[PDB]
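> sequence first, structure after, both from an experimental entry:
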Amino acid sequence: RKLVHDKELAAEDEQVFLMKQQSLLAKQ
Amino acid sequence: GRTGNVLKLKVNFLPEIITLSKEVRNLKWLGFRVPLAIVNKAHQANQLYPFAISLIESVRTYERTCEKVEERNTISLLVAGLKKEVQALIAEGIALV
Amino acid sequence: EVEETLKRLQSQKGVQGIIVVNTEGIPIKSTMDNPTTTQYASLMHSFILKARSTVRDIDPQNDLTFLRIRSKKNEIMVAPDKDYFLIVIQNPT
Amino acid sequence: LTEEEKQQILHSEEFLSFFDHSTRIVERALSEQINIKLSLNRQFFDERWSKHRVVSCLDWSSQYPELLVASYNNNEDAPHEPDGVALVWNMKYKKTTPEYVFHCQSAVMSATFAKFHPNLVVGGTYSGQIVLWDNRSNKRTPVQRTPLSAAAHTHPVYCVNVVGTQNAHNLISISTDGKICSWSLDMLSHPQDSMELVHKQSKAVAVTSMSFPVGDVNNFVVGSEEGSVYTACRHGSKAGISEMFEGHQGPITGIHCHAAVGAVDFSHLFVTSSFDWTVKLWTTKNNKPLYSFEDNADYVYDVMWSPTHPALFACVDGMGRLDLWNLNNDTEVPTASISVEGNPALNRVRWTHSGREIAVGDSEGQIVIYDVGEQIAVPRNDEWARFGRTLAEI
Amino acid sequence: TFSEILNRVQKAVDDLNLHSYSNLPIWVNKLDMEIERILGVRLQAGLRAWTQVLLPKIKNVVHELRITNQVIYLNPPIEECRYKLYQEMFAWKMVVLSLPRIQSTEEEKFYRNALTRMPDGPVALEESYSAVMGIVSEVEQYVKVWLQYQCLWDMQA
């Protein structure tokens, strides 16, 4: 039952976040 | 340098606007009366300038340090948490008018 | 920096040639040619070592940090602190 | 035969003391010891750091009366190259090269030495960010930088100074918006004091430059681009503007309080160089200007008291002439005058400590320093007495 | 020197840990993977140098031949020289293998996986082992016929 570390911290490349926020600003 | 379309983040604030305020801030005492709309716009821009300049310098510093980080891919895995919290703060801020 | 240092050390008097020597003699850098730089700088290194011994003779705590010899046809420079041994070829005047 | 050890020791930068001592000693080695009224003394134009560049500020080091700090705004010749240029120029031995250089990412507006420590240099930039630099360490980047916040300075800073003594110091800075801020030399990341200077009906003052009564802390005096002079107490019993002055019609460019101290108390005299050739002298206890300086028009930038002569000061015009103005000998004609060749836009004037020579900045970056006649350099008790009675004239 | 380098690296890792950064364990794991790969390469180089030395400081093993009750005898026997050689090669192995791991049991305490981390596979090990029955074999061969002389006593006048 030796626990292993779960999913590590992701990067979420800046381009994807920027384009998602482009979309959010567009529809607001 | 890159074929893709870079979605660079900017600040919706022209740096030149404060100059206009300064013109008013100089012309008001020069004896020339300016329209009240110009007075209101210049005053509002003058009082709101520190926040805008703080935001633009902060975002420029963040962009410089993040491009420095991605320059050395061996460290982004560790810095991912700070990048996530900064992105979350930006996401909270952007929705504001 | 490296290039700016040599540039400012050379154009300050239009010096004929200077190379940066951070090692105990035998420098591989060149400013006019390999021999006249390398062998002469190694020779200078040996004699400044003997000069360090000479100045330690009167008192071991003393060290030589500045050395110039201005003769009839040559002026020679070296400023050793721990491994930085300058060389300057310059006219006497 | 080594091929990489020398290369890697050259790449590895442990050259701090190396470069420092080499620079401090080679300009000494410039000496040619081979065995086989006004007058220009030393003209300096750094070809590399002053090519078509405007002097922004000047200061002389009290601790080391051979070190001068000068500034520069952004360079229109090339924006890619470093914009904020700061220079340290020394009076040890003659040399064309500056003794020290410094870069700031923003255009540098004013700079000065620190009274608290004899090696740190502090300067206000065009972005309203106070910049700290360590002269002993060989670095180009700013050592410290104040935060750009609403509480801190955000508008361009044109005057920074250190008040108090070496164990009661305080770095006072002014922003052109009107913020007065007090910092400490140990930490430059949080304003110890900060307050937006206000005269009346909550309107601020577009402060351009400020000065203080010598030998005293607090009770500051400022000049406004609006064309006004104010006396404002730093802390006192009430901070803010305390006294309006009738002032000069055009913008106020350079303000300075009297400096020379002798058998009489004249620390209440103020010189203001406005934009109209009009170097106005008055006193803090009188609301009206005492005397006026009128020989030409059009922008004499700045005026500075000679620290040694009580009734003599300097003012430099934008058209390209600096004139030493004495009160004891004359009141309508300059006691001395000289013009830098080429008739350039001479910007800034600074008396060195203990006087006996002057430093002049230029729009071309060629700063010129030169002495003064001995028969007019040295004061005497007669000078103080006649100066006082000339105040009694009107 | 390897232990000192590992100690400094682990000290730096601990300094990072106390600063409370993010995502440490995976970074530590990747760094440990890389350092063990480098350790395996260095171990391969050292092992092959040791092998070519056999065919790196090596101790000199020596044994003698004597006679008692008119019988030829060895002190120590050839198998003892074999075991000394194996022990020395083992010590050479644990010069690198005993290096501790980097962490935020026995295997986890100090790194014992470099043999599987071998860039060239077991061959680099095997050839080393191979040189063993080079030497010892010749040894016993060179002994055998010589030892044969003892038969002279078994055959009375």
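Great, that's in hand. Numbering: from 1, shown residues only, chains lettered A, B, ... in the order given.
> check contacts around residue 11.
Because you didn't say which chain, this covers chain A. B:76, B:77, B:80, B:83 (C-beta atoms under 8 Å, 6 or more residues apart in numbering or on different chains). (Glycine included, C-beta is placed from N, CA and C.)
> my question was about chain B
Contact analysis of residue B:11 by C-beta under 8 Å, 6+ apart lists B:52, B:55, B:56, B:59.
> of these, keep whichever come out buried.
Buried residues within these, defined by neighbour count using 16 or more other C-beta atoms under 10 Å in any protein chain shown: B:52, B:56.
> from the contacts of residue B:11, which land in helices?
Applying DSSP state H to the contacts of residue B:11, the entries found in helices are B:52, B:55, B:56, B:59.
> give me the residue from chain C nearest chain E.
Chain E sits closest to residue C:23 of chain C, with a gap of 23.7 Å, by C-beta to the nearest C-beta.
> touching, that residue and residue D:2? I think so.
Yes: contact between residue C:23 and residue D:2 holds when scored by C-beta atoms under 8 Å: they sit 6.8 Å apart.
> neighbour count for these two, which is higher?
residue C:23 (18 against 12; other C-beta atoms under 10 Å in any protein chain shown).
> OK, contacts around that one?
C:83, D:2, D:5, D:6, D:9.
> ok, of the residues you listed, which one's closest to residue D:354?
Distance ranking of the contacts of residue C:23 against residue D:354, using C-beta to C-beta, places residue C:83 first at 41.8 Å.
> from memory the closest one sits against residue C:24, does it?
Yes: contact criterion C-beta under 8 Å: residue C:83 and residue C:24 qualify, at 6.3 Å.
> shouldn't residue D:197 be in contact with residue D:241?
Yes: distance between residue D:197 and residue D:241: 6.3 Å, which falls inside the contact criterion (C-beta under 8 Å).
> where do the contact lists of these two overlap?
Both residue D:197 and residue D:241 are contacted by D:205, D:230, D:232, under the criterion C-beta under 8 Å, 6+ apart.
> got the residues of chain B near chain D?
Of all the residues in chain B, those in contact range of chain D (C-beta under 8 Å from any C-beta of the partner chain) are B:25, B:26, B:29, B:49, B:50, B:51, B:53, B:54, B:57.
> how near is the fourth one to residue E:29?
Using C-beta to C-beta, to the nearest Å, one obtains 49 Å as the distance from residue B:49 to residue E:29.
> the more surrounded of these two?
Neighbour count, other C-beta under 10 Å: between residue B:49 and residue E:29, residue B:49 has more, with 19 against 15.
> pull the contacting residues for that one.
With C-beta under 8 Å, 6+ apart as the criterion, the residues that contact residue B:49 are B:17, B:18, B:21, D:154.
> about what we covered before: TSV please, covering the shared contacts of residue D:197 and residue D:241 and showing distance to residue A:11.
TSV is the format used below for these (distance: C-beta to C-beta, whole Å):
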residue	distance to residue A:11
D:205	50
D:230	55
D:232	53
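> for residue D:137, state which of the residues you listed is nearest.
Within the shared contacts of residue D:197 and residue D:241, the smallest distance to residue D:137 is 36.4 Å, found for residue D:232 (C-beta to C-beta).
> what about the closest one, which SS state?
At residue D:232 the chain is in strand, as set by DSSP: H, G, I helix; E, B strand; the rest coil.
> which residues does it bridge with?
residue D:220, residue D:241 (DSSP bridges).
> enumerate every residue touching it.
With contacts defined as C-beta under 8 Å, 6+ apart, residue D:232 is in contact with D:180, D:197, D:220, D:221, D:222, D:239, D:240, D:241, D:242, D:243.
> can you say which of the residues you listed are buried?
Burial of these was assessed by neighbour count (16+ other C-beta under 10 Å); the buried members are D:180, D:197, D:220, D:221, D:222, D:239, D:240, D:241.
> among the residues you listed, which two are most distant?
It's D:221 and D:239 that sit farthest apart of the buried ones among the contacts of residue D:232, by C-beta to C-beta, at 14.0 Å.
> residue D:329 falls within a helix, correct?
No: checked against three-state DSSP, residue D:329 lies outside a helix; its state is coil.
> parallel or antiparallel, list what pairs with the helix or strand containing residue D:173.
Here residue D:173 sits within strand D:170-175, counting by DSSP states H and E. Here strand D:170-175 has these sheet partners by DSSP bridges: strand D:157-163 (antiparallel), strand D:179-183 (antiparallel).
> nearest to residue D:132, out of the ones you listed?
Closest to residue D:132 of the strands paired with strand D:170-175 is strand D:179-183 (C-beta to C-beta; 9.6 Å).
> returning to what we had before: can the strands paired with strand D:170-175 go into CSV with extra columns for distance to residue E:86?
As requested, the strands paired with strand D:170-175 are exported to CSV (distance: least, C-beta to C-beta, whole Å):
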stretch, distance to residue E:86
strand D:157-163, 76
strand D:179-183, 72
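> for residue D:316, find the nearest of the ones you listed.
The nearest among those, by C-beta to C-beta, is strand D:157-163 at 17.1 Å.
> touching that closest one from outside, list them.
D:109-116, D:122-125, D:128-130, D:169-176, D:185, D:207-210, D:212, D:217-218.
> which among those residues end up buried?
D:109-116, D:122-125, D:128-130, D:169-176, D:185, D:207-210, D:212, D:217.
> just those residues: which are in strands?
D:109-113, D:122-125, D:130, D:170-175, D:207-210 (DSSP state E).
> endpoints of stretch D:293-306, how far apart?
The first and final residues of stretch D:293-306 sit 17 Å from each other (C-alpha to C-alpha, to the nearest Å).
> how about that stretch: buried residues?
For stretch D:293-306, burial by neighbour count (16+ other C-beta under 10 Å) applies to D:293, D:299, D:300, D:301, D:302, D:303, D:304, D:305, D:306.
> residues touching the residue nearest the centre of chain A, list them.
Within chain A, one residue has its C-alpha closest to the average C-alpha position: by C-alpha atoms, centre = their mean, that is residue A:12, at 3.9 Å. Shown here is residue A:12, whose contacts under the criterion C-beta under 8 Å, 6+ apart are B:83, B:84, B:87.
> ok, and the most crowded of the residues you listed?
For these, the largest neighbour count, defined by other C-beta under 10 Å, is 23 neighbours, found at residue B:83.
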